[PDB]
Amino acid sequence: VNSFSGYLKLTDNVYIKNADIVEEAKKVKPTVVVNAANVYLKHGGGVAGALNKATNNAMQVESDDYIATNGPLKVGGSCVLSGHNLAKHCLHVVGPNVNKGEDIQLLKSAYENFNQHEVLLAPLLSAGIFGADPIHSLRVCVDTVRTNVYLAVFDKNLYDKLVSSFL
Ligand SMILES: C[C@H](SCC(=O)O)C(=O)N1CCNC1=O
């Protein structure tokens with residue numbers, strides 16, 4: 001049994017809800033919240049901007065030290081950092097950004113990072129300002145992630161479209 005409430009069950013392991021990921025993280029304090037990161041961990045907008053703002057910029061400070069030591073992530077890659085006030089840990093995952101011309105086949109590699117964690121609160125990777133089709137992102141999620149993933153869809157209109165179109 002876990003703390004997550006009000007989710008629709010899509011599959012054995014994937015759940016979805018119309019929710020503000022910061023507000024959901026603040027309520028649940030999950031072991032892992034996933035950030036929609038870029039390779040530079042520059043948390044300017046979308047999920048990264050929101051999450052970072054909710055940490056009062058502590059996520060960005062920690063991220064800048066990580067990059068100064070380790071250099072950029074790979075597209076499709078991830079790192080584990082603090083969850084600050086939102087979660088125990090934040091898994092920063094880099095999905096391909098279609099608005100930068102990155103290969104969408106890298107979306108499956110991105111979701112494979114979730115399999116290193118038994119339970120996660122996450123957004124749909126590569127959706128929103130990353131330019132990919134959220135319907136596609138949900139399909140790749142379901143077909144890739146085997147651990148228990150609780151997806152927070154920001155937009156109610158999009159949430160309803162994702163549920164109604166789910167095969
Ligand atoms: C990846 C999403 S796109 C819209 C969606 O999930 O419907 C995004 O930009 N944001 C901002 C805050 N929470 C989010 O998920």
# chains A, B, ... in the order shown; residues from 1 in each chain; ligands from 1

$ closest_atom_pairs --of "region 29-49 of chain A" --to "region 71-81 of chain A" --cutoff "10 Å" --atoms "only C-alpha atoms" --output "CSV"
residue,atom,partner,partner_atom,distance
A:32,CA,A:80,CA,9.0
A:33,CA,A:80,CA,10.0
A:34,CA,A:80,CA,9.3
A:35,CA,A:78,CA,9.5
A:36,CA,A:78,CA,9.9
A:37,CA,A:78,CA,8.4
A:38,CA,A:75,CA,7.7
A:39,CA,A:73,CA,4.5
A:40,CA,A:72,CA,5.2
A:41,CA,A:72,CA,7.7

$ select_by_dssp --residues "region 76-162 of chain A" --states "alpha helix (DSSP H)" --output "list in words"
residues 106, 107, 108, 109, 110, 111, 112, 134, 135, 136, 137, 138, 139, 140, 141, 142, 143, 144, 156, 157, 158, 159, 160, 161 and 162 of chain A

$ atom_distance --atom1 "CA of residue 130 (chain A)" --atom2 "atom 5 (C, counted along the ligand's line) of ligand 1"
11.0 Å

$ closest_residue --among "A:83, A:101, A:134, A:46" --to "ligand 1" --atoms "only C-alpha atoms and all ligand atoms"
A:46

$ residues_near_ligand --ligand "ligand 1" --cutoff "6 Å" --atoms "only C-alpha atoms and all ligand atoms" --output "PyMOL selection string"
chain A and resi 20-21+46-47+50+123-124+127-128+153-155+158

$ write_last_selection --atoms "C-alpha atoms" --output "PDB file, in the first residue's frame"
ATOM      1  CA  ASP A  20       0.242  19.849 -10.264  1.00  0.00           C
ATOM      2  CA  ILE A  21       3.466  17.846  -9.691  1.00  0.00           C
ATOM      3  CA  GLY A  46       7.954  23.440 -17.472  1.00  0.00           C
ATOM      4  CA  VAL A  47       8.446  20.818 -14.743  1.00  0.00           C
ATOM      5  CA  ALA A  50       8.164  24.667 -11.326  1.00  0.00           C
ATOM      6  CA  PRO A 123       5.606  13.803 -15.462  1.00  0.00           C
ATOM      7  CA  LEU A 124       5.286  12.544 -19.011  1.00  0.00           C
ATOM      8  CA  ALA A 127       5.806  16.343 -23.494  1.00  0.00           C
ATOM      9  CA  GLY A 128       4.933  20.070 -23.122  1.00  0.00           C
ATOM     10  CA  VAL A 153      -0.618  15.309 -16.000  1.00  0.00           C
ATOM     11  CA  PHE A 154      -0.612  19.150 -15.564  1.00  0.00           C
ATOM     12  CA  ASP A 155      -3.392  19.978 -18.082  1.00  0.00           C
ATOM     13  CA  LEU A 158      -4.757  16.757 -21.949  1.00  0.00           C
TER      14      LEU A 158
END
